[PDB]
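J.: Experimental structure and sequence below, a few questions after.
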Amino acid sequence: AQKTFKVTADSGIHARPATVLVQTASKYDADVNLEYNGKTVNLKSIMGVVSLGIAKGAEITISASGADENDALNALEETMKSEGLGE
């Protein structure tokens, strides 16, 4: 269970988008983590994503590993298409 998302947001993946994601994966008990700059941070880490400082024109690798790992990856996906944080 995992999917590569494209980062094309203007602000990037800072705290604002890190709070929208931590809320989605939060409902899922699966351990979904994002990948950026060779650093895998837990999707439930708003302060940990700030250290990455993602911006527009970048790539990220997500991977759900737990019980409903498949339900979590598609959950954050529809959230990225609702506002337009990545595809």
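T.: Noted; the coordinates are in hand. Numbering: from 1, shown residues only.

J.: For the helix or strand hosting residue 74, which outside residues touch it?
T.: According to DSSP states H and E, residue 74 maps onto helix 69-83. With CB atoms under 8 Å, 6 or more residues apart in numbering as the test, helix 69-83 has contacts from 1-3, 5, 20-21, 24-25, 27-28, 30-32, 43, 62-64, 66, 85-87. The way it works is simple: take the backbone N, C-alpha and C, and place the C-beta from them, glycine included.

J.: 7 Å instead?
T.: Residues outside helix 69-83 that contact it (CB atoms under 7 Å, 6 or more residues apart in numbering): 1-3, 5, 20-21, 24-25, 28, 30, 32, 62, 64, 86-87.

J.: Of the residues you listed, which is the most crowded?
T.: Among those, residue 32 has the most neighbours (other CB atoms under 10 Å), with 27 neighbours.

J.: can you pull the contacts of that residue?
T.: Counting by CB under 7 Å, 6+ apart, residue 32 touches 25, 43, 62-64, 69, 72-73.
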